[PDB]
> 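Below you'll find the structure I mean.
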Amino acid sequence: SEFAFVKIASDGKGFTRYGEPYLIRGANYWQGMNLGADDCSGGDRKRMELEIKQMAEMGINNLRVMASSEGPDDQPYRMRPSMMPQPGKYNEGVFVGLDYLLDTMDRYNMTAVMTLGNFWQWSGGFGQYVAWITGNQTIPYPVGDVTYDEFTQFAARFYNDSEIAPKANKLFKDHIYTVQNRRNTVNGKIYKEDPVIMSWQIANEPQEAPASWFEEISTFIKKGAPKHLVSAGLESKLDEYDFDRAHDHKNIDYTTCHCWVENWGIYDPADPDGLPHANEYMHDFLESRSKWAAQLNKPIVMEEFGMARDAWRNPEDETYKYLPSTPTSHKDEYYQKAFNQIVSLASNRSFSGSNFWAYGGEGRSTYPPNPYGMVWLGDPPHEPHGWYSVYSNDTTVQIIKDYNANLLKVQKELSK
């Protein structure tokens with residue numbers, strides 16, 4: 001009765017589903033829950049349904065989605081309305097959006113990676129849990145003079161502070177229990193029994209969290225939903241020690257990496273000559289991270305990566321970088337080369353696929369905010385609208401479609 005659940009191959013070198021290898025023809029669609037919500041809760045469910053259909057037509061079989069968001073709903077830089085405006089109090093309209101997301105994915109034979117939390121601020125995240133515990137809602141968001149380091153030390157108290165961490169983790173476990181035990185109001189499935197869910201993912205991008213926290217939370221999640229895979233959500237941006245600290249645990253079933261050349265200072269999209277160094281970085285990142293995963297004998301998915309539009313065509317105009325009319329020639333080549341490497345690595349069972357960040361669909365960065373202040377698309381509200389989104393008619397779509405066809409062909413060869 002568990003034929004449809006995604007599993008780790010008994011030899012550790014990939015996933016299976018339906019008794020056959022399973023490769024990840026993936027996308028990120030973290031805005032799905034909010035778009036699936038009814039109109040009064042800020043959704044656009046027909047648009048969600050169309051964007052899922054578009055992704056199915058481009059060959060996608062797997063969406064990494066966000067199954068959390070924290071209030072209060074008067075905070076900048078985050079999804080609104082939140083799923084969980086106060087601890088243990090839910091916005092049912094937004095929760096129903098997650099039910100519709102999962103039901104629509106089921107109709108298109110997709111599986112979901114269910115991200116249960118977020119280090120970062122765009123869904124409230126670990127800094128919001130810290131604010132709840134300390135009783136101080138003034139979170140030092142990393143804008144103006146506030147460093148990404150200052151914010152990180154604030155939010156990392158979630159797992160590093162001896163007083164705060166037990167309290168924060170209690171509230172987080174309460175959320176995990178509530179999502180794992182949700183009855184889908186649309187199709188009646190309890191989430192922890194739904195084979196549309198591929199995995200429960202601890203959180204997006206924990207920052208140097210201790211091994212003991214990964215051990216404890218992964219075991220909690222696995223005991224809560226014993227039929228499902230568990231993932232750590234790591235970037236794998238540092239060294240092998242950091243990789244092992246997150247992944248070398250019985251209840252972490254597979255490994256991830258997130259590759260962000262502009263964010264890490266490797267690529268300047270305003271530099272007409274900057275692409276070769278980004279392509280070489282991506283190449284070496286895939287090679288090295290594939291080897292780290294092999295050392296643990298677990299699969300690996302590059303569950304985030306992306307690149308800006310062609311800012312270099314008009315480098316003096318900041319707004320030009322984010323217009324949907326701006327071409328994506330660097331991005332398309334970057335995606336195409338990463339994809340072709342992944343297909344070759346997957347052919348030897350050294351990589352399991354990828355989820356580009358992120359599908360924008362019908363949203364556009366030039367459109368007005370909805371009444372909650374949201375311009376929904378693939379870029380969360382802590383970043384410029386349109387930075388990394390792949391729109392429904394971008395030139396990148398055909399490259400994604402061809403990649404997914406190539407990875408499915410590989411999956412079939414591996415099934416013989």
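We number each residue from 1, following the sequence as shown.
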> Taking it one step at a time, do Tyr254 and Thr256 satisfy side-chain contact (heavy atoms from CB on, under 4.5 Å)?
CA-CA 7 Å; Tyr254 68 98; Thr256 66; 3.8 Å; yes
> Say whether, by atom type as modelled, one donor and one acceptor occur between the side chain of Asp161 and the main chain of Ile164 under 3.5 angstrom.
yes
> To the nearest 0.5 Å, how far apart are CD in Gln128 and CH2 in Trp120?
16.0 Å
> Taking the inter-plane angle between the rings of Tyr148 and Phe151 on a 0 to 90° scale, is it parallel (under 30°), tilted (30 to 60°) or perpendicular (over 60°)?
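Because their plane-to-plane angle is over 60°, the rings of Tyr148 and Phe151 count as perpendicular.
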> If you measure from CG on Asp284 to CE on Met282, what distance do you get to the nearest 0.5 Å?
11.0 Å
> Test side-chain contact (heavy atoms from CB on, under 4.5 Å) on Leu377 and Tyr391 and set out the steps.
CA-CA 8 Å; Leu377 35 63; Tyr391 301 120; 3.9 Å; yes
> Could you work out, with side chain to side chain donor-acceptor pair (under 3.5 Å) as the rule, every residue matching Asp310, not counting sequence neighbours?
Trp312, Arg313, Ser329
> First locate atom CG of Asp106, then atom CD1 of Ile197, and finally report the distance between them rounded to the nearest 0.5 Å.
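If we round to the nearest 0.5 Å, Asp106:CG and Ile197:CD1 are 10.5 Å apart.
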> Could you go through residues 264-276 and list every donor-acceptor pair under 3.5 Å that involves a side-chain atom there, pairing it with any protein atom two or more places apart or in another chain?
| unit_1 | atom_1 | unit_2 | atom_2 | d |
| --- | --- | --- | --- | --- |
| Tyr267 | OH | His330 | ND1 | 2.8 |
| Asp268 | OD1 | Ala270 | N | 2.9 |

> What closest approach, in Å, do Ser392 and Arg364 show between heavy atoms, and which atom pair accounts for it?
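Shortest heavy-atom contact: OG-NH2, 3.2 Å.
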> Going by salt bridge (charged side-chain N to carboxylate O under 4.0 Å, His left out), name the pairs with one or both residues in residues 234-244, residues two or more places apart or in two chains.
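Those involving residues 234-244 are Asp242-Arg245.
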> For a side-chain contact (heavy atoms from CB on, under 4.5 Å) check, start with the C-alpha distance between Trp122 and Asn204, then their side-chain angles and the critical distance, and finish with the verdict.
CA-CA 11 Å; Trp122 56 261; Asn204 180 51; 3.9 Å; yes
> Thinking salt bridges, do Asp99 and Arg183 make one under a 4.0 Å N-O criterion?
no
> Applying salt bridge (charged side-chain N to carboxylate O under 4.0 Å, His left out), which residue pairs with at least one partner in residues 58-70 are found, sequence neighbours left out?
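Found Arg64-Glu303, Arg64-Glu304.
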> Output yes when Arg309 and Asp394 qualify as a salt bridge under the 4.0 Å nitrogen-oxygen rule, no when they do not.
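Looking at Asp394 together with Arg309, the answer is yes, because their closest N to O distance falls below 4.0 Å.
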> Rounded to the nearest 0.5 Å, what's the gap from CD1 on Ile8 to OG1 on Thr16? Could you check?
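That separation rounds to 8.0 Å.
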> Check whether any side-chain N or O of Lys7 sits under 3.5 Å from a backbone N or O of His228 as a donor-acceptor pair, and report yes or no.
no
> Do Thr104 and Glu49 meet the criterion of a side-chain donor-acceptor pair at a distance under 3.5 Å?
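Side chains of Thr104 and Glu49: no pair found under 3.5 Å.
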> Show the nearest heavy-atom pair for residues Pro324 and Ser365, with the distance to one decimal.
CD-OG, 3.4 Å
> Let me see the working for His247 and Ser236 under side-chain contact (heavy atoms from CB on, under 4.5 Å), right down to the final yes or no.
CA-CA 10 Å; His247 297 121; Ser236 300; 3.7 Å; yes
> Could you pull out the closest heavy-atom pair between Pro206 and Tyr159, with the gap in Å?
C-OH, 4.0 Å
> Check this for me, if you would: do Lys46 and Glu362 make a salt bridge, where the nitrogen-to-carboxylate-oxygen distance has to be below 4.0 angstrom?
no
> Would you call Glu262-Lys321 a salt bridge at under 4.0 Å N-O?
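The answer is yes: the pair qualifies as a salt bridge.
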> Please give me the minimum heavy-atom distance between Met84 and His175, naming the atom from each residue.
SD-ND1, 4.1 Å
> Salt bridge check, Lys53 against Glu57: does any charged N sit closer than 4.0 Å to a carboxylate O?
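Result for this pair is yes, salt bridge flagged.
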> Roughly how far apart are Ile300 CD1 and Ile24 CD1, rounded to 0.5 Å?
12.5 Å
> For the residue pair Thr328 and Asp332, confirm or rule out a side-chain donor-acceptor distance under 3.5 Å.
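The answer is yes; a qualifying pair exists.
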> Do the charged groups of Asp73 and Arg78 touch, with an N to O distance under 4.0 Å?
no
> Using 0.5 Å steps for rounding, measure from the NE2 atom of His385 to the CG atom of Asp379.
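These two atoms lie 9.0 Å from each other.
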> Looking at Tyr320, is its backbone amide N or carbonyl O close enough to the side chain of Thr326 to form a donor-acceptor pair, meaning the two atoms are under 3.5 Å apart?
yes
> So, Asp103 and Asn184: side-chain donor and acceptor under 3.5 Å apart, yes or no?
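Per modelled atom types, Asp103 and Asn184 side chains form no pair under 3.5 Å.
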> Under the salt bridge (charged side-chain N to carboxylate O under 4.0 Å, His left out) definition, can you give me all pairs with a residue in residues 116-131, not counting sequence neighbours?
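Counting only pairs at least two positions apart or across chains, no salt bridge (charged side-chain N to carboxylate O under 4.0 Å, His left out) contact touches residues 116-131.
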> Among pairs that include at least one residue of residues 397-407, which meet side-chain hydrogen bond (donor to acceptor under 3.5 Å, both in side chains), considering only residues two or more places apart or in two chains?
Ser354-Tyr403, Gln398-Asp402
> If I compare all heavy atoms of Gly19 with all of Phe3, which pair ends up nearest, and what's the gap?
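Looking at all heavy atoms of both residues, the shortest contact is N-CE1, 3.6 Å.
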> Measure across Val261 and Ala278 and return the closest heavy-atom pair with its distance rounded to 0.1 Å.
CG2-CB, 4.1 Å
> Please confirm whether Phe356 and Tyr388 have ring centers closer than 6.0 angstrom.
no
> Is any side-chain heavy atom of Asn160 less than 4.5 Å from a side-chain heavy atom of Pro210?
yes
> Do any N or O atoms from the side chain of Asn62 and from the backbone of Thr111 form a donor-acceptor pair under 3.5 angstrom?
yes
> Would you say the side chains of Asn118 and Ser123 form a donor-acceptor pair under 3.5 Å?
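Note: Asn118 and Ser123 side chains meet the donor-acceptor criterion.
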> Does the structure place the NZ or CZ of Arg45 under 6.0 Å from the centre of the six-membered ring of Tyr100, at an angle of no more than 45° from the ring's axis?
yes
> Taking the ring centre of each residue, are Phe158 and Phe126 less than 6.0 Å apart?
yes
> Verify whether the ring centers belonging to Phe339 and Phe305 lie closer than 6.0 Å.
yes
> Does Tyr90 have more than 12 heavy atoms from other residues, nucleotides or ligands lying within 6.0 Å of its OH?
yes
> Show, in sequence, the C-alpha distance, side-chain angles and deciding distance for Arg349 and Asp11, and conclude whether the salt bridge (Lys or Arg N to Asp or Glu O under 4.0 Å) test is met.
CA-CA 11 Å; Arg349 302 180 72 225; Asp11 72 6; 2.7 Å; yes
> Any donor and acceptor pair, going by atom type alone, linking the side chain of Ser231 with main-chain N or O of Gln201 inside 3.5 Å?
no
> Applying salt bridge (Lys or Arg N to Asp or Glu O under 4.0 Å) to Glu287 and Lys291, what does each step give before you reach the verdict?
CA-CA 6 Å; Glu287 125 219 294; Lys291 284 285 204 167; over 6 Å; no
> Would you call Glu92-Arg182 a salt bridge at under 4.0 Å N-O?
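A salt bridge is present here (some side-chain N lies under 4.0 Å from a carboxylate O).
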> Give a yes or no answer on whether the side chain of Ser389 reaches the backbone of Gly378 with a donor-acceptor pair at less than 3.5 Å.
yes
> For a 4.5 angstrom cut-off between non-hydrogen side-chain atoms, does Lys227 reach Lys192?
no
> Any side-chain to backbone donor/acceptor pair from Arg289 onto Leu286? Under 3.5 Å, distance only.
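Not at all, since once roles are kept as given, no pair shorter than 3.5 Å links the two residues.
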> How about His382 and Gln121: does a side-chain donor come under 3.5 Å of a side-chain acceptor?
no
> Determine, for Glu413 against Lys409, whether the closest basic-nitrogen to carboxylate-oxygen distance falls under 4.0 angstrom.
no
> Before accepting this row, confirm whether a basic side-chain N of the pair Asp248/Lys298 lies closer than 4.0 Å to the acidic partner's carboxylate O.
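The answer is no: the pair does not qualify as a salt bridge.
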> For a quick check under 3.5 Å, do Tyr359 and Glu51 share a side-chain donor-acceptor pair by atom type?
no
